[PDB]
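Here's the structure, in structure tokens; my notes come after.
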Amino acid sequence: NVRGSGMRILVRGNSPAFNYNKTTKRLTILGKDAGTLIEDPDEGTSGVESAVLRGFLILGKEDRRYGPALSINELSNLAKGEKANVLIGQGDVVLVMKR
Amino acid sequence: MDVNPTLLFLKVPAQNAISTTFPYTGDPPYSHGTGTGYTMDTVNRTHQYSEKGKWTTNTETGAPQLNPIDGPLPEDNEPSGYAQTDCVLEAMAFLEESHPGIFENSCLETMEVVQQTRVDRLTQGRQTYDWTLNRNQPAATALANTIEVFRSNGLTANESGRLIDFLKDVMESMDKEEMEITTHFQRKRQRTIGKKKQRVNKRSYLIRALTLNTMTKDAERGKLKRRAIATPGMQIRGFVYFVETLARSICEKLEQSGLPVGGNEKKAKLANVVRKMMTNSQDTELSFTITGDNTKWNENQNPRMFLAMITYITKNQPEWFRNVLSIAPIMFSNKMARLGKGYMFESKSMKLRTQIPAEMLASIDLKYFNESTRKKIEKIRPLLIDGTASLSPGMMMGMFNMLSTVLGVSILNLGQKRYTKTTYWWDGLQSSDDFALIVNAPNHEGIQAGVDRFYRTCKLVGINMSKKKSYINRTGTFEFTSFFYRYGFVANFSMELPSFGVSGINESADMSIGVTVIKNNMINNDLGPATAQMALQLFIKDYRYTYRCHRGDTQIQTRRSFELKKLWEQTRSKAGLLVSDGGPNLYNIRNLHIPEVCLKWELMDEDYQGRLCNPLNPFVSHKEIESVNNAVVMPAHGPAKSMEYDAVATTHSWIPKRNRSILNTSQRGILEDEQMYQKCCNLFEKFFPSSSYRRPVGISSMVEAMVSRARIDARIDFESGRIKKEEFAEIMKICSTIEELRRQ
Amino acid sequence: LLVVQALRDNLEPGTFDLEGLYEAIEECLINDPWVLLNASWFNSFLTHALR
Amino acid sequence: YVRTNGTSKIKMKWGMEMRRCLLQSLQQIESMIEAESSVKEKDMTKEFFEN
RNA sequence: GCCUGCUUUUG
RNA sequence: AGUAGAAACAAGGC
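Residue numbers (the entry's author numbering), protein chains in the order written: chain A, 639 to 737; chain B, 1 to 189, 202 to 756; chain C, 666 to 716; chain D, 564 to 614.
Structure below.
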């Protein structure tokens, strides 16, 4: 809450309130610099994102085999080992996998 | 190593260094001669982009006028002035549907304003084209000459003092056969200066009342080529005043406008609007921002669409209101244009030069001109009537910006998702000839479709977008009127750079303005403290060199380096002297908000303090409260604004001298009128002191009120006070003789 | 410069007529040494950026 | 080196006040310094200019 | 010899 | 010549 208005911070990806430039490595909050961010060598550059969904991983980009793009609020139907497609973020489709 | 500053942009972003991309330390481009060519270009352009319409001949002017309204639909992405009535009215209707009561309330406010306001409101403004002289004059001069000719002819309703009566007069003056005017001359062999009467038939008066003056705009930042601009007359001024009042009242109630707000209000509104959009937008939705300019914005926009808009906004109002707001778009649909100074010709063999006025381009052989100009004249010759070209199908630069913004917001309001009937939508921000659009959709196909629909819905109204100068990125970064938003607005500081020198008003005023822009730029821009100290130092160097006021403990020979040394040696306390009298500078960040006299008032010597600050000085001139501590300054990328400076009235608060060229011209007799009027008004302020603080009111001649107050003050001051009997009798005798002079 | 910055910031930039922009830049490069040098610098910037 | 040249009132006026250039540069420099001083809560002129 | 050195500059 | 650059200056007016 900021001046009675709900600023939304996006879990997956950048936002106008929270954006990390990948070029000059500066972090930016609300138009104000908040420090240069350093390169951990253990940064998994594998395309996988395990901290976006609750009980699901993100294996990569979409594939047309596993059907159309399910949505965030209709994922409890799935079960163990059931890969699927999900549209999230700024209109971006991805593949996911349950644990 | 070879040096490249642009490579700095490989580490620092372009918005956090955009000040480097503004070359505002050098002289700006200027025009040198005539502006006839650019006038012709604009006329033939706006007749080109509206050419498939239909031609007609006015019965009153005899002029060929091109009507493109409800013309064919465009077939390519070139500019078009083919506007459609039904879609304009649908835009207005949906606007009122989404923001109900907007037109009613705005009309009520403007009705109050219409009923109360006065003719004196026309005195304040910019210059004005005077049909009485066929050139530009100040606003009050034009008003006065127009009123004089009216009263000389018979129109006298403006004696009421209201504006709407002056408008009734200018309307009633069009239904007269032979208007009469008076013209200045002067002859010397003995300088004889007089006047002569002449007549103006009805059609002549109409073309003079409907025409605009044109001239080229100097000191433009950001363009390779020069532009032409227009200046309207005195008769189209009250009507457009009321129209822009209505448009202001409307645009104030719209979250999309940017025109009636300035400075930080503008940026605040923009930022609040962007946040509101990004909050109403969804998280699964893709979002993009177009940074956009419109091409040929002032040529496509037609007054007939403005008349449609007016008649829809005055729906269910009194007919006098509907009829006093309908006259501006009429008079700007039958308008004309003066071409200008003309051209100049050259002969190398005989070694001579010549000038050619614009009022012979219809009656001149085209051998002299080059190809481009020959083509121009060839196209324009049909439209010439008495040295002025017909121009119906478009506006000119700098007028109806508010109502044009209303139309822009009307188009932006067609992206509410209950008017698109789909899953994409849009909104944005609009100022005249600049905009920022924000488009939302679940994919890139919807983004393209929304962009296409915006383009087409805007082409149905005559709004063309510059593809050459527009670009689309994701949300977070954009540009709007030289404001660079990067997740927040950003400071530039080079727009404000020509404001850091001597302003050229007087010593006190230039000093105060110089320190005040430094502290302002410390607040608003991001000028640091050390750089501000340096700015002080450099400003004081420029101040001293311009005004020839060096420290006094120096050996710099100027024309007043002797008086200042005598003042230096007389004076005991030298930290109390002003920089203009040869003293030091005690300014720093701590005390930039204090004038130069209060800063050093305990340090002054009493004799200097009493000489400098003396009301009997002959150098000071205060006339009216609206001009006491207020100066016109001329920024980069804007019009001449007015700056308030805190200062104390001293002997350094002088006025500089005048141009003095008008002595050599036929219109020399305006000086004598000015001089006599100033004598009379000065004497009136002697009798009535409040005449410069509060506007007087009355119907009597000035002499009547003057002699009356003389008698009253004489009586009241003799009864209990200073006046004896001799003075009483003598001044009553003088009053009697004044009566014998006025009444006979 | 600003659309290139939008590309470096990974903001998916786009245009409607880029050759018009180039034709408008090139319309001003005529005969001044300082301006041609700035243009040369801009070409070097595009070469070292855009990578 | 001998030459004929020419100038105008406005060109003189604007070359009579070139000291403003000193501000432009310096302003940008201080901005950069301040942009780091906000990050590391300390003044950074000494680090930049010496180290 | 006399007079002049911005007499026409959008928002 | 030179300044400059889509039209002007290289003094003008009576």
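Note that CB positions come from ideal geometry on N, CA and C, so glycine has one too.
Cutoff 8 angstroms: residue i Cβ touching any chain D Cβ
i               : result
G644 of chain A : no
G673 of chain A : yes
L539 of chain B : yes
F412 of chain B : no
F495 of chain B : no
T20 of chain B  : yes
Reference residue i; option with closest CA among the options
i               : options                           : result
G673 of chain A : A:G693, A:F694, A:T662 and A:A689 : A:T662
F512 of chain B : B:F492, B:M534, B:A503 and B:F495 : B:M534
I397 of chain B : B:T57, B:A17, B:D2 and B:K737     : B:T57
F492 of chain B : B:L579, B:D446, B:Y30 and B:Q428  : B:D446
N335 of chain B : B:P272, B:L351, B:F357 and B:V252 : B:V252
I696 of chain A : A:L708, A:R703, A:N723 and A:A717 : A:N723
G81 of chain B  : B:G420, B:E90 and B:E51           : B:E51
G33 of chain B  : B:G399, B:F357 and B:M414         : B:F357
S216 of chain B : B:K360, B:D175, B:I248 and B:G35  : B:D175
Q115 of chain B : B:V88, B:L163 and B:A320          : B:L163
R670 of chain B : B:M92, B:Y355 and B:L683          : B:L683
Residues near residue i by beta carbon distance below 7 angstroms, same chain, minus five either side
i               : result
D165 of chain B : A157 and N158
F656 of chain A : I647 and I667
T20 of chain B  : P5
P708 of chain B : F700
Exposure of residue i, with buried meaning 16 or more beta-carbon neighbours within 10 Å
i               : result
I325 of chain B : buried
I667 of chain B : exposed
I724 of chain B : exposed
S269 of chain B : buried
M477 of chain B : buried
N600 of chain B : exposed
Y483 of chain B : buried
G440 of chain B : buried
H664 of chain B : buried
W131 of chain B : buried
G406 of chain B : buried
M348 of chain B : buried
Chain C contact for residue i (CB, 8 angstroms cutoff)
i               : result
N711 of chain A : no
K663 of chain A : no
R162 of chain B : no
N659 of chain A : yes
Interface flag, residue i vs chain A, CB-CB below 8 angstroms
i               : result
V565 of chain D : no
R287 of chain B : yes
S601 of chain D : yes
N675 of chain C : yes
Short CB-CB distance (under 8 angstroms) between residue i and chain B
i               : result
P678 of chain C : yes
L701 of chain C : no
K574 of chain D : yes
Neighbourhood of residue i by C-beta, 8 angstroms cutoff - its chain only, sequence neighbours within 5 removed
i                      : result
residue 761 of chain B : Chain B is shown from 1 up to 756; residue 761 of chain B falls before or after that span and cannot be answered.
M607 of chain D        : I596, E599 and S600
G500 of chain B        : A283
Contacts around residue i, its chain only, beta-carbon distance under 6 angstroms, and the 5 residues preceding and following it disregarded
i               : result
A63 of chain B  : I397 and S402
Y497 of chain B : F490
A671 of chain C : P678
Check: residue i C-beta below 7 angstroms from any heavy atom of the ligand COA
i               : result
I606 of chain B : In the structure shown, the ligand COA is absent, as is every other ligand, since no ligand is present at all.
Check whether the segment 40 to 49 of chain B touches the segment 290 to 306 of chain B, taking contact to mean three or more Cβ pairs, one atom from each stretch, closer than 8 angstroms. Short answer: they don't touch.
Counting Cβ pairs closer than 8 angstroms, one from the segment 374 to 382 of chain B and one from the segment 266 to 280 of chain B, do we hit at least three? Taking a contact to require three or more Cβ pairs closer than 8 angstroms, the segment 374 to 382 of chain B and the segment 266 to 280 of chain B do not qualify as touching.
Three CB pairs or more closer than 8 angstroms across the segment 646 to 663 of chain B and the segment 97 to 109 of chain B: Contact between the segment 646 to 663 of chain B and the segment 97 to 109 of chain B is absent, because fewer than three Cβ pairs lie under 8 angstroms.
Under 8 angstroms: do the segment 295 to 304 of chain B and the segment 724 to 734 of chain A share three or more Cβ pairs, one atom per stretch? Flag = yes, the segment 295 to 304 of chain B and the segment 724 to 734 of chain A touch.
Count the C-beta pairs between the segment 216 to 225 of chain B and the segment 237 to 255 of chain B that are closer than 8 angstroms, then say yes if the count reaches three, no if not. Touching, per the Cβ criterion.
Three or more C-beta pairs closer than 8 angstroms, one from the segment 589 to 604 of chain B and one from the segment 512 to 532 of chain B: is that the case here? Touching, yes, given that three or more Cβ pairs across the two stretches are closer than 8 angstroms.
Three-pair Cβ contact test at 8 angstroms for the segment 424 to 439 of chain B versus the segment 447 to 458 of chain B: In short, these stretches touch, since the Cβ pair count reaches three.
Are three or more beta carbon pairs between the segment 579 to 592 of chain D and the segment 502 to 511 of chain B nearer than 8 angstroms? Yes, the segment 579 to 592 of chain D touches the segment 502 to 511 of chain B.
Given 8 angstroms, three or more beta-carbon pairs between the segment 9 to 16 of chain B and the segment 744 to 755 of chain B: Flag = no, the segment 9 to 16 of chain B and the segment 744 to 755 of chain B do not touch.
Within 8 angstroms, do at least three Cβ pairs link the segment 339 to 355 of chain B to the segment 300 to 320 of chain B? Because the criterion of three Cβ pairs below 8 angstroms is met, the segment 300 to 320 of chain B and the segment 339 to 355 of chain B touch.
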